Amino acid sequence: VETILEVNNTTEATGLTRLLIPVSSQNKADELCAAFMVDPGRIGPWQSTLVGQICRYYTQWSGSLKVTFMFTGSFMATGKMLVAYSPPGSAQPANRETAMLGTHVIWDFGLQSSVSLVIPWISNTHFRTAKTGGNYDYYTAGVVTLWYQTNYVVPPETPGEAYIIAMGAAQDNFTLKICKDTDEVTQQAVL
Amino acid sequence: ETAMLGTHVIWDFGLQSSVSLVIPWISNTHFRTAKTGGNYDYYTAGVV
Amino acid sequence: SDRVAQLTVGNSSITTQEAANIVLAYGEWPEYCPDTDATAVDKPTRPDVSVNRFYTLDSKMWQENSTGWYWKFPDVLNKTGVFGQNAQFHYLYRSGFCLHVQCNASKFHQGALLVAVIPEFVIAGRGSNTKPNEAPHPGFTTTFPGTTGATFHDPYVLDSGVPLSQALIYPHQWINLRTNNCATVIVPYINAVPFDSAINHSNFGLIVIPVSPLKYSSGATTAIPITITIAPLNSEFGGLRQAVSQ
Amino acid sequence: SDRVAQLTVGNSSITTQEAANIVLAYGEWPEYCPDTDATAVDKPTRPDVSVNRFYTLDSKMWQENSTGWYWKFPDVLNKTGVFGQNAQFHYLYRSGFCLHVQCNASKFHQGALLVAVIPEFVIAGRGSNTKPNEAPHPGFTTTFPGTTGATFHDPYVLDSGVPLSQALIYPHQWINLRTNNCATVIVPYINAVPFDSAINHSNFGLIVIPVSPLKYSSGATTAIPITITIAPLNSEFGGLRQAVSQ
Amino acid sequence: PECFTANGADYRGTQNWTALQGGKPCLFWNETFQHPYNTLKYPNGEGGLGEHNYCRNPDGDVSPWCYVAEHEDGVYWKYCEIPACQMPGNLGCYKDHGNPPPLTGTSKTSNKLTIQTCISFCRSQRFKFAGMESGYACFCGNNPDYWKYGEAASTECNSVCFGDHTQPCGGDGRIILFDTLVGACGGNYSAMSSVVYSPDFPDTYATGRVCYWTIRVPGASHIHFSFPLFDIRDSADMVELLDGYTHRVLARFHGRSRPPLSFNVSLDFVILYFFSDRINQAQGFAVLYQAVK
Amino acid sequence: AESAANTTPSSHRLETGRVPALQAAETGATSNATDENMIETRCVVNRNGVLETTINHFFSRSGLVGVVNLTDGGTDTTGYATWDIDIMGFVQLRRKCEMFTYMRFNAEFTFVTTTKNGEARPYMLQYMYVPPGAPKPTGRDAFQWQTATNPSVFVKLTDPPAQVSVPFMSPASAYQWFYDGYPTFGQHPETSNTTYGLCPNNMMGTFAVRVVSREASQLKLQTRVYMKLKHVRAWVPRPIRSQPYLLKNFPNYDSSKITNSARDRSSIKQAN
Amino acid sequence: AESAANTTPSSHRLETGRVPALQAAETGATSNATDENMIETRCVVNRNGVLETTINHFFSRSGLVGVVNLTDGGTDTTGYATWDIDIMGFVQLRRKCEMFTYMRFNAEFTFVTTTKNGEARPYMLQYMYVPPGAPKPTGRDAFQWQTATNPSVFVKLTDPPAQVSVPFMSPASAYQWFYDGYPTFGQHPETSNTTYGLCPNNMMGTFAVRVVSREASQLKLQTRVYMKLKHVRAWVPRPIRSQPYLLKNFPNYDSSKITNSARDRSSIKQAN
Amino acid sequence: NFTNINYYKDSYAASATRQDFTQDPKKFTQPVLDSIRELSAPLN
Amino acid sequence: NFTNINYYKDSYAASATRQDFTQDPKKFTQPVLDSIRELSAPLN
Ligand SMILES: CCCCCCCCCCCCC/C=C/[C@H](O)[C@H](N)CO
Ligand SMILES: CCCCCCCCCCCCC/C=C/[C@H](O)[C@H](N)CO
Ligand SMILES: *[C@@H]1O[C@H](CO)[C@@H](O)[C@H](O)[C@H]1NC(C)=O
Ligand SMILES: *[C@@H]1O[C@H](CO)[C@@H](O)[C@H](O)[C@H]1NC(C)=O
Ligand SMILES: *[C@@H]1O[C@H](CO)[C@@H](O)[C@H](O)[C@H]1NC(C)=O
């Protein structure tokens, strides 16, 4: 079941405006939109989904994941966006001509206002540990980067600032194994 | 280590004292002109 | 069920909402080279998953005084990824291409773009000199612009002495901002030789020229990017040797 | 033939122009109680024309600094019409519900709403006190808002300590102002007991929370109401006695 | 202060015990012919090696250590927990339990994680305290409550870093604390007596570094300077002390100049200048100053 | 299905009309776009098991439930030590169990009793279960400790920990951890609704324990309750709580001092 | 084959052409010259068994693996005692297991706990297995000792030693004791490659143990780990190490002071 | 290997019975009436 | 004499199963392509 990712989890944000990816009209021909890690058992945007907590209850996961974006702008506002997944290796890509060598989908703003980037299973081993920290970077998954394909064009008498809601779920080949305790609660007040 | 990326044969000195390197046809077009000079270097064959 | 389409090549996907029909250039699909037409003896390699995928180039801001941009397609992917690496090591090359040009706007913007391919798109020098030593010739960055692209100086003559009006004989598609926001062309391998070097010979080239200028009222968005995605379908490589850059 | 729908229950009808598909909660239709699962001996009454119809509540103006609103559904229709009168006289109750939330705007407005149902939506008190006598608890107008409704104070935690992001597991629907203007959910009877009092126990509750804020340019309309219509499908009542209010 | 280096490489102390409470005595550095570190091999100092049993660091370790007597149970060497061995700018090591961290802020992981890269990461975002643990961590934050989990021993947090192999990057579940002002490039200093380090002090200083340290005291009579650590292997990069009233140079010290350890100057607007080169870089400075009112 | 899912070999498509990557999210359904309708996949015969992710293998853990103190003094003595049977006293099993609305299961209660300093001296204890409605024992020498028509367990401290099996005994058809209503009729106040959310279908009596002797035993025991769920069925899945717990029978949270569901980042245009 | 090999009756040969004793060793193969193609043998029906020389009967030995100290003081106390699960701490089982490259087996861990002076007082211990990724318990009264969704064993000192069975849980298809590579990408230094040979496919979590009591227990325990291999499969046989071990995760040896594989003799032309 | 044997007259005192591999995911993923095809536009 | 009986649902908690007498020695002793005969010269 898809669940709203928390991609805007940075500072200088309140609670409700924390689940929205701001989209504006950039003057330069190519700029970078929001980007985030794929690892669901890692501190970040995946911590806010149900799949992330379920993967937090276990220690090893497998199978493909699905990230579903959704444009919540105006009807007259159009544009194309590039959602590109990159396998492990180097760090986040700097520009679009480097990030477009991986797995990407061109998504245009039409009548249907939702695209679903699938994240394939390109791991060397069968299972990945949700630890993924420091010397555990052997089990990293990659980086999903959202780039501006053409632009966010807007007609006059129309607001030029939209938002994108990111959802996430798991495919049918999703597999979990080895039950453990979560790390979202360490202490507790005497009830 | 640069020349060993092409077509090569290891030949050892044994009882038979002759090796025969074949030079394959790796041209783009069907025929090559024997001119092969200056601006005709389009029809070169390679270096053994 | 005609305005929506999802093209999947490799590990990439392109979804669309406002689309026309896909264009198949000259009614021929891009396939592999048969044994009857081939001439090389060595066996060619076919990755089929590592070079056959959608590569996204940069975006160019469509302004109001814009003339147009163009590209040499066997030379744009000459340095980007496994395709470029595999093309630098090999001497022969033969593939088709799948194109997709993204340009979205609101329902209050107007304009039209002409995206088409021209086999053997030769850039002509601009001048009125007939002496051999001073006759103007285009530089290497003008003939082969690379992954960035080049702009037009006289887009009415396609920078080649041929009028833009008569350029509708080529495999073309329109991007009308009131009808669609993308254009898709599938072009096969078009050449008089079976294989060819993808470094010193570009087979064709894309060109995007705004015929109707971009117009909008004061208050709407002003940044209109032009994004292009290319899929090298049915790629073949032969003649493995040292890697050369240019 | 998918974007248009006319729902008819009793002597009411709801026509639509911009609609998504109807949502059936948990894949189960609301039906009558079978003899195997029932436990009462007296025969229940079934009007089927007087309580099974679309009741329209008030409208709430969707502002720009809005947090959200919620309702306790077996308690909103506790005083409105033949359904409320028939529910005050009886001790037992079992029915499903059909919902429809209206929110229309122009093609120049932007925003999104998340309307969903939560079985046993328990309101949590807001405070940092652990002493039993000063621990904050919600009042009766906060737990059961009546036909009017109640607003959220911290809609990021659904006023219950559970994050709004994870609330997509419930039967939900989106109202995106560029896609549709209504949302429809059909929910059956969900409880751990066959019958139950419709006065001191609310089975579930609707919640509407604007995830994307309402934005528009200076010159358009500013009053955006939120209208909700509810149809108590397949209603049953048992245990006839004196009428009680609360 | 006794240690002006992040690993205690220069600590000439009188500590002949491993710990003051619950410790075992150290062995002499001349009765250690069994081990490759003794005075029969290194005469004339070489880290400090005489006829004593003091906790030294001759091998370039992460902490000073002595030779303890082997009790047929493995360990023949122990780290010495010296209370007065901390560079000014090192708050100590603390415990780390779980999801509520001691440092509530940004986090960063890398395979090349030294002290100065984490200090610069926390400094480029205007954070007050840095922090690292287990070799691959960089915890930033501005909260004053970083001792919420307890104080850990200094010998417990001696896990080596990943980028450098002469610095302690905390430990497994134990975070070491650092303020972000260390190794910075200039700053308005208004304290009574603080330390000023070179750019990239735990590392070697970069090529082309130039900055201005300013020291103002609201009413001090005259200021006192010092030079605990000074190591320059070149004559092009050099340090200066200037007064900003009429903009004249007081003193110019470089690699070929041995600076005096202490002098007074009757000024109150001293500014420090450090012009580095791009040829040779070895180590920076640890200038300590003092103002008497 | 004993395995997860196999992958069909895919290829590229060059045609108009088929758009599998444009799944609308406004309909309330989940995107059903697979990998085969996208980037070219291969044939993989997956044999990864799904047995561990079931509900009976997820709720088959004991965890701590209750801690009961028994001082048994000489001058400030009580003798007995009752414990209301509830699961909301410790937030681990509570967080694991409050992700559903309705549950139905059995129990495998286990009692681990230790001394203050920690020592297993051969003292025999009496664990009594008092059902709801039965009188509670008042004193170490009361009339209720006869355990006639009442189940009880006699065990020593040197013996292994006792372990009994408990059936499903709620008067409703299933348990519930969230009750959106009131237990009785009447006018409800606006100041302090202390009875809101209370479910009488969960009061499973009281658990008492004493020391079987004649005079006294100056020892402070401390019993721990470990309940293993078995034969469990859950309905209506509910999201997991992201706020710290404050009370036992109330899901109250802090109005100010809110905990975000995800930690903060440096910038939005940065993955690390 | 339940027996070794039988011998065929042989005789003498007087003929040219057949040379069974001239097996060339330059080909990399082993000489296949039998006794029947040589000195005249007889008919022997050998019934010596080969069952004991199999791999499952060779690795079915426990051996010492780990020694864990637990002081549990009053002023310098820690409470817990973790032990990284690795086999390279004692050179006997390490020498027996490093004669192969890839192995795959199960375990039968056994824990023998004694006191400092040696005495079995009835103190109950708690043996906890912390998988890789789970938080480690910090203190004898920590939150992690609840053992919810975590396997643990409760046993006393007067009881027999505990014994559990452990499955194959490496993310790869088999274990490996020699990893010719690096765990992650990046630039690798020339001074000290301390991460070379490290295999993340062998970190089997951490093993912790405490004393279940309230206040303290002034006793220094010392646990011993005995791991019995079972259901073992080995690949790519490797020669046996002839040099003394120096480190745990590194096969370092002495450059000078080399140990010869065979002891010295008086002369080469002398058998004794 | 036999753990289906009970030792008492009551049935709730047994161990975990035969595992059920039933997985209905469509009652949460696609709770819609008009069955959306896989290769089609969800709204027309 | 019966030690093939398991007492749990898991299979790794059993004892040593039936012994396998398989002995392929030719993959280490004669890893050659041309099968060298027993009564012949290995090189000609
Ligand atoms: C002989 C002593 C037995 C001790 C155990 C008492 C037996 C009765 C236990 C009933 C099991 C109830 C499990 C939880 C019930 C309700 O959900 C909780 N009270 C509310 O959280
Ligand atoms: C309940 C306490 C159980 C104590 C035993 C822990 C269970 C996990 C043991 C895994 C068995 C691993 C055997 C060896 C693994 C790797 O090869 C070594 N760590 C490296 O030598
Ligand atoms: C340490 O040095 C001091 C010097 O005053 C001396 O009195 C003391 O005996 C020494 N202790 C040991 C253990 O060497
Ligand atoms: C080492 O130096 C100490 C102090 O001078 C002296 O007492 C001791 O005898 C010396 N040991 C040797 C072996 O010279
Ligand atoms: C500078 O003056 C101070 C008086 O406060 C004195 O202590 C110090 O020794 C002087 N420095 C020198 C180098 O004489």
# chains A, B, ... in the order shown; residues from 1 in each chain; ligands from 1
call {"tool": "residues_near_ligand", "arguments": {"ligand": "ligand 1", "cutoff": "6 Å", "atoms": "only C-alpha atoms and all ligand atoms", "output": "list in words"}}
result
residues 85, 86, 87, 88, 107, 109, 127, 128, 129, 151, 152, 153, 166, 175, 202, 203 and 204 of chain F
call {"tool": "select_by_dssp", "arguments": {"residues": "range 56-229 of chain E", "states": "strand (DSSP E)", "output": "ChimeraX atom specification"}}
result
/E:65-68,77-79,90-95,129-133,174-179,187-189,195-197,210-215,222-225
call {"tool": "write_last_selection", "arguments": {"atoms": "N, CA, C and O atoms", "output": "short mmCIF file (atom, residue, chain, number, x, y, z; two decimals), in the first residue's frame"}}
result
data_model
loop_
_atom_site.label_atom_id
_atom_site.label_comp_id
_atom_site.auth_asym_id
_atom_site.auth_seq_id
_atom_site.Cartn_x
_atom_site.Cartn_y
_atom_site.Cartn_z
N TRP E 65 50.47 5.97 25.89
CA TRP E 65 50.39 4.62 26.42
C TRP E 65 51.73 4.25 27.03
O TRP E 65 52.78 4.74 26.61
N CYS E 66 51.69 3.39 28.04
CA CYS E 66 52.88 2.86 28.69
C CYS E 66 52.88 1.34 28.59
O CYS E 66 51.94 0.72 28.10
N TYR E 67 53.96 0.74 29.08
CA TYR E 67 54.08 -0.71 29.16
C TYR E 67 53.64 -1.18 30.54
O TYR E 67 54.23 -0.77 31.55
N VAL E 68 52.61 -2.00 30.59
CA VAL E 68 52.19 -2.62 31.83
C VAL E 68 52.78 -4.02 31.92
O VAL E 68 53.17 -4.62 30.92
N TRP E 77 50.03 -3.79 27.23
CA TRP E 77 50.09 -2.34 27.09
C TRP E 77 48.69 -1.78 27.29
O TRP E 77 47.71 -2.35 26.81
N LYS E 78 48.60 -0.66 28.01
CA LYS E 78 47.32 -0.03 28.30
C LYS E 78 47.39 1.46 27.98
O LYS E 78 48.46 2.08 28.07
N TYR E 79 46.25 2.02 27.59
CA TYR E 79 46.16 3.46 27.40
C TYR E 79 46.12 4.17 28.74
O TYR E 79 45.50 3.70 29.70
N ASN E 90 38.29 20.35 22.81
CA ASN E 90 37.88 18.96 22.96
C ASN E 90 37.11 18.84 24.27
O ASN E 90 37.71 18.94 25.35
N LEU E 91 35.80 18.62 24.18
CA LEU E 91 34.95 18.60 25.36
C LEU E 91 34.99 17.26 26.09
O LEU E 91 34.65 17.21 27.28
N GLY E 92 35.38 16.20 25.42
CA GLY E 92 35.40 14.87 25.99
C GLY E 92 34.50 13.92 25.23
O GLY E 92 33.82 14.29 24.27
N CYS E 93 34.50 12.67 25.67
CA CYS E 93 33.68 11.64 25.07
C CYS E 93 32.45 11.37 25.93
O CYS E 93 32.49 11.48 27.16
N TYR E 94 31.35 11.02 25.27
CA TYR E 94 30.08 10.78 25.94
C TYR E 94 29.40 9.57 25.32
O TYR E 94 29.79 9.08 24.26
N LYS E 95 28.38 9.07 26.01
CA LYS E 95 27.70 7.86 25.57
C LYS E 95 26.62 8.19 24.54
O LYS E 95 26.09 9.31 24.48
N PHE E 129 28.42 22.79 18.12
CA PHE E 129 29.19 21.63 18.55
C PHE E 129 29.18 20.56 17.46
O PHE E 129 28.13 20.27 16.87
N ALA E 130 30.35 19.99 17.20
CA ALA E 130 30.47 18.86 16.30
C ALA E 130 30.46 17.57 17.11
O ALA E 130 30.28 17.58 18.33
N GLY E 131 30.66 16.43 16.44
CA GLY E 131 30.63 15.16 17.12
C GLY E 131 30.73 13.98 16.17
O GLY E 131 30.18 14.02 15.07
N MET E 132 31.41 12.92 16.60
CA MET E 132 31.65 11.78 15.73
C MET E 132 31.82 10.53 16.59
O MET E 132 32.18 10.61 17.76
N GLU E 133 31.55 9.38 15.98
CA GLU E 133 31.60 8.12 16.70
C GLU E 133 31.82 6.98 15.72
O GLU E 133 31.45 7.07 14.55
N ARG E 174 30.01 5.43 21.36
CA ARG E 174 30.58 6.50 22.18
C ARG E 174 30.99 7.64 21.26
O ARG E 174 31.82 7.46 20.37
N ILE E 175 30.41 8.82 21.49
CA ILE E 175 30.65 9.99 20.65
C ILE E 175 31.64 10.91 21.34
O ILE E 175 31.56 11.16 22.55
N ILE E 176 32.60 11.42 20.56
CA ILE E 176 33.57 12.41 21.04
C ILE E 176 33.13 13.78 20.57
O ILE E 176 32.59 13.94 19.46
N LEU E 177 33.32 14.79 21.42
CA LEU E 177 32.78 16.12 21.18
C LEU E 177 33.88 17.09 20.74
O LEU E 177 35.02 17.00 21.21
N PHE E 178 33.52 17.99 19.83
CA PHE E 178 34.41 19.05 19.37
C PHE E 178 33.58 20.29 19.06
O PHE E 178 32.49 20.19 18.50
N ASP E 179 34.10 21.46 19.42
CA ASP E 179 33.48 22.71 19.02
C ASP E 179 33.92 23.08 17.61
O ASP E 179 35.01 22.72 17.16
N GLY E 187 37.92 34.86 13.02
CA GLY E 187 36.82 34.94 13.95
C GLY E 187 36.95 36.07 14.95
O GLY E 187 38.06 36.42 15.35
N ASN E 188 35.82 36.65 15.35
CA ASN E 188 35.81 37.71 16.36
C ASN E 188 35.95 37.06 17.73
O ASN E 188 35.00 36.48 18.26
N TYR E 189 37.15 37.16 18.31
CA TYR E 189 37.42 36.58 19.62
C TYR E 189 37.30 37.65 20.69
O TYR E 189 37.96 38.69 20.61
N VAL E 195 42.44 29.79 22.68
CA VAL E 195 43.45 29.30 21.75
C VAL E 195 42.98 29.54 20.33
O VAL E 195 41.78 29.52 20.03
N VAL E 196 43.94 29.77 19.43
CA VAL E 196 43.68 30.02 18.02
C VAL E 196 44.51 29.03 17.23
O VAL E 196 45.75 29.06 17.28
N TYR E 197 43.85 28.14 16.50
CA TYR E 197 44.51 27.12 15.70
C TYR E 197 44.60 27.55 14.24
O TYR E 197 43.87 28.43 13.78
N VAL E 210 44.32 31.88 3.70
CA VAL E 210 44.58 33.24 4.18
C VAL E 210 43.34 33.74 4.91
O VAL E 210 42.23 33.69 4.37
N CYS E 211 43.53 34.21 6.14
CA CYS E 211 42.42 34.62 6.98
C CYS E 211 42.92 35.65 7.99
O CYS E 211 44.10 35.99 8.02
N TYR E 212 42.00 36.14 8.81
CA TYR E 212 42.28 37.22 9.76
C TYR E 212 41.59 36.89 11.08
O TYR E 212 40.36 36.95 11.16
N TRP E 213 42.37 36.55 12.10
CA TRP E 213 41.83 36.38 13.44
C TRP E 213 41.89 37.70 14.19
O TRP E 213 42.96 38.32 14.27
N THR E 214 40.76 38.13 14.73
CA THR E 214 40.65 39.38 15.46
C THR E 214 40.39 39.11 16.94
O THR E 214 39.56 38.26 17.28
N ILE E 215 41.10 39.82 17.81
CA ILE E 215 40.96 39.68 19.25
C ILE E 215 40.70 41.06 19.84
O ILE E 215 41.55 41.96 19.73
N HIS E 222 47.03 45.24 28.81
CA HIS E 222 47.87 44.70 27.75
C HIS E 222 47.69 43.19 27.69
O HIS E 222 47.26 42.56 28.66
N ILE E 223 48.01 42.61 26.54
CA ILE E 223 47.74 41.21 26.25
C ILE E 223 49.04 40.43 26.25
O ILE E 223 50.11 40.96 25.92
N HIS E 224 48.96 39.16 26.62
CA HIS E 224 50.10 38.26 26.70
C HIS E 224 49.92 37.14 25.68
O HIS E 224 48.83 36.59 25.56
N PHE E 225 50.99 36.82 24.97
CA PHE E 225 50.96 35.79 23.93
C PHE E 225 51.81 34.59 24.34
O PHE E 225 52.55 34.62 25.32
#
call {"tool": "select_by_dssp", "arguments": {"residues": "chain A", "states": "alpha helix (DSSP H)", "output": "VMD selection string"}}
result
chain A and resid 50 to 57 96 to 99
call {"tool": "closest_atom_pairs", "arguments": {"of": "chain D", "to": "chain F", "cutoff": "6 Å", "atoms": "only C-alpha atoms", "output": "tab-separated table"}}
result
residue	atom	partner	partner_atom	distance
D:20	CA	F:27	CA	5.3
D:21	CA	F:27	CA	5.6
D:120	CA	F:180	CA	4.8
D:122	CA	F:180	CA	5.2
D:124	CA	F:252	CA	5.0
D:125	CA	F:252	CA	5.1
D:126	CA	F:255	CA	4.8
D:127	CA	F:254	CA	4.8
D:128	CA	F:254	CA	5.1
D:137	CA	F:192	CA	5.6
D:139	CA	F:190	CA	4.3
D:140	CA	F:190	CA	5.5
D:161	CA	F:243	CA	5.3
D:162	CA	F:241	CA	4.6
D:166	CA	F:239	CA	5.6
D:172	CA	F:28	CA	5.5
D:173	CA	F:28	CA	4.4
D:174	CA	F:26	CA	4.7
D:192	CA	F:174	CA	5.7
D:200	CA	F:181	CA	5.1
D:201	CA	F:181	CA	3.8
D:202	CA	F:180	CA	5.5
call {"tool": "residues_near_ligand", "arguments": {"ligand": "ligand 5", "cutoff": "8 Å", "atoms": "only C-alpha atoms and all ligand atoms", "output": "PyMOL selection string"}}
result
chain E and resi 222+224+262-265+292
call {"tool": "residues_around", "arguments": {"residues": "range 46-56 of chain A", "least_positions_apart": "4", "cutoff": "7 Å", "atoms": "only C-alpha atoms", "output": "mmCIF file with N, CA and C atoms, in the first residue's frame"}}
result
data_model
loop_
_atom_site.group_PDB
_atom_site.id
_atom_site.type_symbol
_atom_site.label_atom_id
_atom_site.label_comp_id
_atom_site.auth_asym_id
_atom_site.auth_seq_id
_atom_site.Cartn_x
_atom_site.Cartn_y
_atom_site.Cartn_z
ATOM 1 N N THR A 3 2.241 4.997 0.542
ATOM 2 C CA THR A 3 2.187 5.837 1.730
ATOM 3 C C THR A 3 3.060 7.058 1.483
ATOM 4 N N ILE A 4 2.587 8.223 1.925
ATOM 5 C CA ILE A 4 3.200 9.494 1.556
ATOM 6 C C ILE A 4 4.617 9.566 2.112
ATOM 7 N N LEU A 5 5.595 9.673 1.216
ATOM 8 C CA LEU A 5 6.973 9.905 1.620
ATOM 9 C C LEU A 5 7.126 11.306 2.202
ATOM 10 N N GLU A 6 8.114 11.459 3.078
ATOM 11 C CA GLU A 6 8.426 12.742 3.700
ATOM 12 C C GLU A 6 9.741 13.233 3.100
ATOM 13 N N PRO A 40 15.071 1.792 2.743
ATOM 14 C CA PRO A 40 13.890 2.011 3.590
ATOM 15 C C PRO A 40 14.160 1.886 5.078
ATOM 16 N N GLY A 41 15.211 1.176 5.480
ATOM 17 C CA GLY A 41 15.524 1.035 6.887
ATOM 18 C C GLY A 41 16.574 2.024 7.347
ATOM 19 N N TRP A 61 15.829 -7.234 4.007
ATOM 20 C CA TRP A 61 14.750 -7.072 3.045
ATOM 21 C C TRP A 61 15.254 -7.400 1.647
ATOM 22 N N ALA A 169 5.626 2.178 -1.827
ATOM 23 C CA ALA A 169 5.081 0.877 -1.463
ATOM 24 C C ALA A 169 6.099 -0.192 -1.840
ATOM 25 N N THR A 182 12.598 -2.764 16.999
ATOM 26 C CA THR A 182 12.755 -1.495 16.310
ATOM 27 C C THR A 182 13.635 -0.555 17.128
ATOM 28 N N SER D 165 0.867 10.791 7.452
ATOM 29 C CA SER D 165 1.485 10.142 6.301
ATOM 30 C C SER D 165 1.087 8.676 6.213
ATOM 31 N N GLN D 166 1.074 7.977 7.345
ATOM 32 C CA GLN D 166 0.747 6.560 7.377
ATOM 33 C C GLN D 166 -0.750 6.292 7.321
ATOM 34 N N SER F 261 8.187 12.647 12.298
ATOM 35 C CA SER F 261 8.299 11.247 11.908
ATOM 36 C C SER F 261 9.619 10.942 11.213
ATOM 37 N N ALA F 262 10.277 11.952 10.649
ATOM 38 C CA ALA F 262 11.569 11.787 10.002
ATOM 39 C C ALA F 262 12.519 12.874 10.483
#
